[PDB]
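Asker: The structure that follows is given in the form of structure tokens.
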Amino acid sequence: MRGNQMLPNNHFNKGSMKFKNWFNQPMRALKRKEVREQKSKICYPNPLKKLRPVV
Amino acid sequence: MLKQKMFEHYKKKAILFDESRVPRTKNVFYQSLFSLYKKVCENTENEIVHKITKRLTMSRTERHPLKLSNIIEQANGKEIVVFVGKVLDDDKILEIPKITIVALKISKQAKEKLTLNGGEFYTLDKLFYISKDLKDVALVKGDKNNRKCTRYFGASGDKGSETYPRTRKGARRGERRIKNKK
Amino acid sequence: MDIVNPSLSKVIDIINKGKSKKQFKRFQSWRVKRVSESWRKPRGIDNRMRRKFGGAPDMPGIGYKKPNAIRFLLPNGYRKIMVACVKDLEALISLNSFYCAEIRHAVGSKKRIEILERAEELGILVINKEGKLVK
Amino acid sequence: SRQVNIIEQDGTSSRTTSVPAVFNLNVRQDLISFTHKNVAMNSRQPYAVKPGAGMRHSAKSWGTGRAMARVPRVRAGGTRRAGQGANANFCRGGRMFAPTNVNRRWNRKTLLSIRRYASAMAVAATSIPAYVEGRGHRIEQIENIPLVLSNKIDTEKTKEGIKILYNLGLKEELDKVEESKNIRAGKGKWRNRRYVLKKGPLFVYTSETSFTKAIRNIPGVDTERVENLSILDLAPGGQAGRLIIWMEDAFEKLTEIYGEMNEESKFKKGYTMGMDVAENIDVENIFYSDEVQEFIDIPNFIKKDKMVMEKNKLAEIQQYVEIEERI
Amino acid sequence: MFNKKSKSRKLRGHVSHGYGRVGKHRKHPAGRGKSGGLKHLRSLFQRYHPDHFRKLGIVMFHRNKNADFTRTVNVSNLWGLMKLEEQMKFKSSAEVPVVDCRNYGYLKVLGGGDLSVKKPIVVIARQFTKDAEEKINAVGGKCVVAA
Amino acid sequence: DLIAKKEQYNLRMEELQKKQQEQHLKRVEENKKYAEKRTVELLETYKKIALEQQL
RNA sequence: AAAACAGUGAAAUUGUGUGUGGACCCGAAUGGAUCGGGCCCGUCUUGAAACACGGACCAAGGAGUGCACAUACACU
């Protein structure tokens, strides 16, 4: 270690650590859209969401 | 006799444009403007023109910005002011004197304020129309030393040093200045 | 082919006889077959060529570069341009005083005939004129 | 500014329209290129080698004293594989240096303000003849730019659709695309990228119409909506000035989308159309103006000769004569 | 510039990759992490980080950020909170503006500079400095404390 | 308009170049005549200075 | 473990024929004897032609990379 820096503190020591990637993000968005649409048919005239209070 | 002649030559050569410098931007509108000033320099000795041409070649960090009130503070009673940089609004001020600014760029909120109080913004291509003999102009400059990152330059473990340590910070955590004077 | 640029006709032989025939072979390419002839600069701590002892060969450098006027000039006194279409010759129409054309190797017989016919009427020198089309 | 003529099915023109304000904006080929580079990287799929390839076998070093290099070697018997060199990157069947890995950063960010500005000046370039010709679209036969097709196009069949496009002068452009088809050079021809074609006209619509499915099978024709017009379609390969067929509704919408000079767009919140540091590329010509010519000073053309020191040449510049005096 | 070639590509053909022939490039010649700091690295610490090896201050085992979070404004900036079109109305008009700092997420008022326009103003906040109060009262304005 | 003004500059400068050139030759010719007379003077004053010492 | 097309068919290495030399390189030449200069590369080292170590020969493979966190510079 040489020169002037903010002293390190990077937590990568643990060999059992898992990584999570997000390559599925656009596809899972499309599935959530298609589930709402079909749910909306099952109860056609009625809104999909209920009324809620203000706090 | 000779010693004076020599020094007066050095002083002159220290002002004039170098002619082996060029701006790094790939912007063709910026490179157009430089070409004009370059062709003026090789046909004149006037110090204001030489200063302007040298400043167009400096980096973004060297072209540090100024706020409207600081221009007026440095204008020292002149009517026209010139600035190779961008003019920003000062939220602390509302009324200003009537003034003409020749500069590179201006922010939306600054331009409105300048106009409401009476006054004009012109781009640097128009300088020669705004002024006939460059006697009524002031030239103004910012300072890159005022960046917040300059507080960390140097060593905090020197005696009498005013510099700040690079540190983690929280409600309790953080390294202090301990070798300064108060 | 025996042709010459008319602007240099009385000078071309002086120029040609003046060109160097020096070669800069890689050090020890004569000793082992696994080292090719292509130049690489020696970087050893002990190396006799890098240290410029008398009796070792010479190294490349800027001093050997030819005068700016003579450089790139073919022995017939022209510079060369590559062509592969009829529409390429159209570029040379202003430059035919100093430049000549060389048809690319992959252009086939049927097309070459069309290039040469156009070259004749425009007045452009083609240096591969015989080419494959001798038969 | 100018008016522009609308074109009906039969090629007649009668009604006319003003031109949107976006078309007066100057063009920055630096920013168009930068934006193209970043956005083009957002469509990639990840690739990597298998997570422990090259490391399967039971291997150990023999250590010194055996007259062999101390690489790990394969433990086996009965096969020629016994004693061969195992795990390292310099070994046949070993593991590669720094195996490629899924955690790499595939996409790239670009500021929303730059994306908006780049698309605005790409739209502008679609109406300068120098740029359109420069991309390689051929427009010798086209009467005027831009083209604006009317509504009340009642076309439903490709047969009648082509007749319309021919009447606008596009024949040579379309032919240039059809004749272009060729098989790609290199390994890409094995990986589902077999044929390459030249780019042609883009059609831009805003309102749903039958004309869209009448023109689409013609090679090199491309279609997009004005409200979601992309820089990949407007500046292919990062060079600007694609030829565009506007629909009459779409052309009027450009005023709501980009607004007016030194105003704020209602459709794009927080965005306004700006000013360059100089108005034109020609500003070097201001030197010849009266105001400048009064300012400067009269040049000296007379210049000194280079120093010469040869005996004979020097003797004609300085003729020396002896003297007898001894003072 | 937006893109540039790397240094590694120029070092092809040069033996040591720029680490030296005598010194070389070994695995960890100085130790791992920020260790050694009272020993062989004492000179780095005493030059750049002198207040590292210490314990200091009062301790609360749990703290809540929301209960202590605040943001501060100076008197010279009060008129600046209004929009520029609004500023230009109240400058000439006979009426007095009523500015509530809570609406912009400010809770404390400090005494820096002079007021932009020398006419009365009503300022609502949670706390004022002694200098701020005197300056606002000087122009015939009023300070109103509120939650 | 400026493309036309560019021509007036080129014309004006050619006149000025021819003018300055003619003024230069006259100086060069003038200088040659002064130099002839002066060399005859100085070669004689050396001769005088020498006799002063002999005396 | 090895082993694709009954394609193309490099180098190391071998036989036959024709030429030029007696380890070979650089400079300069003859009809013709040759003249002058040159110790074996890579590497640690105050110091290598070394009685310091690695190298029989040819092809193909073969070593500053990716992510996180602060940072100075250039560009928007």
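In the structure tokens, each chain is lettered A, B, ... as it comes, each chain's residues begin at 1, and ligands are numbered from 1 in order of appearance.
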When you look at segment 66-76 of chain E with a cut-off of 8 Å (counting only C-alpha atoms (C1' of nucleotides)), what residues show up, excluding the ones that are within fewer than 3 positions of it in the same chain? I need them as number ranges by chain.

Answerer: B: 92; E: 79, 105-116, 132

Asker: Using the selection just defined, write its residues with C-alpha atoms as an mmCIF file, in the first residue's frame.

Answerer:
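So out_38.cif came out as:
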data_model
loop_
_atom_site.group_PDB
_atom_site.id
_atom_site.type_symbol
_atom_site.label_atom_id
_atom_site.label_comp_id
_atom_site.auth_asym_id
_atom_site.auth_seq_id
_atom_site.Cartn_x
_atom_site.Cartn_y
_atom_site.Cartn_z
ATOM 1 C CA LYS B 92 -28.488 35.901 -3.828
ATOM 2 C CA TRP E 79 -36.217 35.512 -1.974
ATOM 3 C CA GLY E 105 -37.578 21.075 3.196
ATOM 4 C CA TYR E 106 -35.676 23.702 5.195
ATOM 5 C CA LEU E 107 -36.042 23.846 8.989
ATOM 6 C CA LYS E 108 -33.382 26.315 10.258
ATOM 7 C CA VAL E 109 -32.588 29.917 9.188
ATOM 8 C CA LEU E 110 -29.035 31.390 9.394
ATOM 9 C CA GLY E 111 -27.894 35.016 9.315
ATOM 10 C CA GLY E 112 -25.667 35.053 6.195
ATOM 11 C CA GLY E 113 -25.592 38.149 3.935
ATOM 12 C CA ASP E 114 -28.249 40.838 3.368
ATOM 13 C CA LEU E 115 -31.876 40.439 2.202
ATOM 14 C CA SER E 116 -32.312 40.715 -1.596
ATOM 15 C CA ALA E 132 -31.293 36.257 11.422
#

Asker: Which residues are close to residue 36 of chain A, i.e. within 9 Å by only C-alpha atoms (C1' of nucleotides), leaving aside same-chain residues fewer than 5 positions away? Reply as a list in words.

Answerer: residues 31, 41 and 48 of chain A

Asker: Have a look at G:12, G:28, G:56, G:2 and name the one nearest to chain D; count only C-alpha atoms (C1' of nucleotides).

Answerer: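 Ranking G:12, G:28, G:56, G:2 by distance to chain D, first place goes to G:2.
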
Asker: Define the interface residues of chain B facing chain G as those within 9 Å, counting only C-alpha atoms (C1' of nucleotides), and report them as a PyMOL selection string.

Answerer: chain B and resi 24-25+59-60

Asker: Output the selection as a PDB file, in the first residue's frame - N, CA, C and O atoms for each residue.

Answerer:
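The new file again08.pdb reads:
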ATOM      1  N   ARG B  24      -8.440  20.277 -28.250  1.00  0.00           N
ATOM      2  CA  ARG B  24      -8.638  18.837 -28.372  1.00  0.00           C
ATOM      3  C   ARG B  24     -10.079  18.450 -28.728  1.00  0.00           C
ATOM      4  O   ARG B  24     -10.365  17.274 -28.940  1.00  0.00           O
ATOM      5  N   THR B  25     -11.005  19.409 -28.791  1.00  0.00           N
ATOM      6  CA  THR B  25     -12.398  19.077 -29.045  1.00  0.00           C
ATOM      7  C   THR B  25     -12.623  18.735 -30.519  1.00  0.00           C
ATOM      8  O   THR B  25     -12.020  19.342 -31.396  1.00  0.00           O
ATOM      9  N   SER B  59      -7.991  23.394 -21.102  1.00  0.00           N
ATOM     10  CA  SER B  59      -8.925  22.312 -20.821  1.00  0.00           C
ATOM     11  C   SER B  59     -10.218  22.805 -20.177  1.00  0.00           C
ATOM     12  O   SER B  59     -10.313  23.950 -19.732  1.00  0.00           O
ATOM     13  N   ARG B  60     -11.198  21.900 -20.072  1.00  0.00           N
ATOM     14  CA  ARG B  60     -12.473  22.199 -19.439  1.00  0.00           C
ATOM     15  C   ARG B  60     -12.286  22.657 -17.993  1.00  0.00           C
ATOM     16  O   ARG B  60     -13.015  23.540 -17.541  1.00  0.00           O
TER      17      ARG B  60
END
